[PDB]
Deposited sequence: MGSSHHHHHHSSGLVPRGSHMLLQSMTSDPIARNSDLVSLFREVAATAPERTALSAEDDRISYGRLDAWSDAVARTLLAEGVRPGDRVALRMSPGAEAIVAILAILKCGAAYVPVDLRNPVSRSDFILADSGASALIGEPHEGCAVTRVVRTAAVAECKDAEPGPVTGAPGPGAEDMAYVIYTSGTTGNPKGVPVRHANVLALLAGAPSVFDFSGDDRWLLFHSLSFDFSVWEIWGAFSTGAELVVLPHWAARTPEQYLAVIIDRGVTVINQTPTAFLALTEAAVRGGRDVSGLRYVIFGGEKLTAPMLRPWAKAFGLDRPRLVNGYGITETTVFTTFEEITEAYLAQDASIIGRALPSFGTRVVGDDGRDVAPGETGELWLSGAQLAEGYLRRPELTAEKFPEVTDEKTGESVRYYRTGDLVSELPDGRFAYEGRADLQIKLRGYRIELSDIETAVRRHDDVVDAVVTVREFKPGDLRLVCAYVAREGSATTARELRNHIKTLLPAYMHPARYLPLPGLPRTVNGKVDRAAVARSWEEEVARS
């Protein structure tokens, strides 16, 4: 085969082949500074020698604390070329999360700038990366780790997820079943290196010989700045949370921007419902760019299913995540541990080449979350199958509560609220009204240009759910408060109430 993706079994070999084949092509750009594949390849080789001198060796985990930028990408390639895995540290982490990630992962060095109180003292500064810029071992194998990304810590300590070269290759080999990507694309490098969206941005581009456009620091703050850069730099592929897309749409329409240079907008991270999509579709259509909903998790290498948005999508009121990539086997599993009848909701279980090998130093959790039956991963997500094989995303599987004599599926209530045409987000929790008097309440976000009242939402909910599932109060917020991992800050919602 001529295809470098099919022919290579690790990311370093893939990169080197793509670079050597056409090394003058642009791999990465920062403003007008264009770094060719050849330049990037030599630069990262020089940085790798620097890491070898700090003792980095195959199997090491090297911390990375940098903004997404050219230096950060060189540092990733350098770490990988040493046969090591990178452990990205979000610059905005609470100090305690960064402290835990570094202790947990046993990081033996850090590239970039250490956080305040950082226990890793073996450091290669950003300046030392820049110094290698224009200079002149077997490398990793399929089964070696490429990175360790940590889950958000919703349920307990952040879980460290080691992802292998073979895992990433399997995702990259699967992408062309949904996407038409080529070497002429320009991908915006946007997300924190600590998010696995970043992994997709980087390798989506490198695996096809495409260019990674770096979002400049000056443009990091507003969607107007964001649009200005993507349009000016000829970006063709962007990756967004549905929430970011709301603000993007609003800035594009109001600013009269031309978005039609984009070929794909790819969503991940959150439910995507039609009220979030209809205004873009109204202004711009669904062809240029194509919009593609994506569902995935760190444990199964970034993305699992995709659904390209169509007119039909806009005409229904659920979040449809679509069909699994070709590497995956799937089950939808009841509470008794057995499959469910097609059409009914159960826990999504996943099998295949994209599954990680388990958590880092968590034998107990790994046995639980990665059962043999064929090895599976339990997502902790509820889904239901459509009569095509497409999945609808229902909610998290751990949101059943006991209240006032009922078991209550909060995810069901959230889903019912999100069916409303003028709602774009919602979270249902329990709060105290009078001592010993706890009730369901719902904080929600109205779509731009609307103002749905508590009375109207109550009226909508009573057509869908039994009275024991009715939120007792509604609270309109300008947006839901979020954590650094973007997970909705439930301490903050409490305070809002």
Missing C-alpha runs, given along the deposited sequence, first residue counted as 1: 1-26, 163-168, 406-413, 538-544
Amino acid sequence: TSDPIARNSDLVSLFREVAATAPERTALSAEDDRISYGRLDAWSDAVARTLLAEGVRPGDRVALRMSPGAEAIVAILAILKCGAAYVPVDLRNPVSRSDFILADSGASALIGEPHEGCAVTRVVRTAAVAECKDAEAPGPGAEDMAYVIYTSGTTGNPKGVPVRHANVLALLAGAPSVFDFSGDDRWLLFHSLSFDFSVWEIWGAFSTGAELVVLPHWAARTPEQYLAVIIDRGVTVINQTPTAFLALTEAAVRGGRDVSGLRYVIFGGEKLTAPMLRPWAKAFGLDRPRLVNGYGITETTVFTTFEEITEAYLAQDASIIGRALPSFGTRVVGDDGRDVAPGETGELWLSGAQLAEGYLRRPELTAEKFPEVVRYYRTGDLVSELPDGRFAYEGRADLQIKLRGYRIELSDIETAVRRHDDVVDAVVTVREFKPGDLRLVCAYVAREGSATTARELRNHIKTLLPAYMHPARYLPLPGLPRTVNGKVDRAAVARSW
From here on, numbers count along this sequence of modelled residues.
Check the entry's C-alpha temperature factors for 283-291 and 109-117, then say which stretch has the higher mean. 109-117
Averaging the C-alpha B factors as listed in the entry, name the stretch that ends up higher: 320-328 or 234-242. 320-328
Maximum C-alpha temperature factor, selected from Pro216, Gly209, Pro162, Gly389: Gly389
Based on what the PDB entry reports, which of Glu456, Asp45, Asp60, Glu448 has the top C-alpha B-factor? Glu448
Where the record places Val12 (Cα B-factor, split into thirds across the chain): lowest
Relative C-alpha B-factor of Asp412, binned into the chain's lowest, middle or highest third: lowest
Relative to the other modelled residues in the chain, which third contains the C-alpha temperature factor of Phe100: lowest, middle or highest? highest
Sorting by Cα B-factor within the chain, modelled residues only, which third would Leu477 end up in: lowest, middle or highest? middle
Place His470 in the lowest, middle or highest third of its chain's C-alpha B-factors, as listed in the PDB entry. lowest
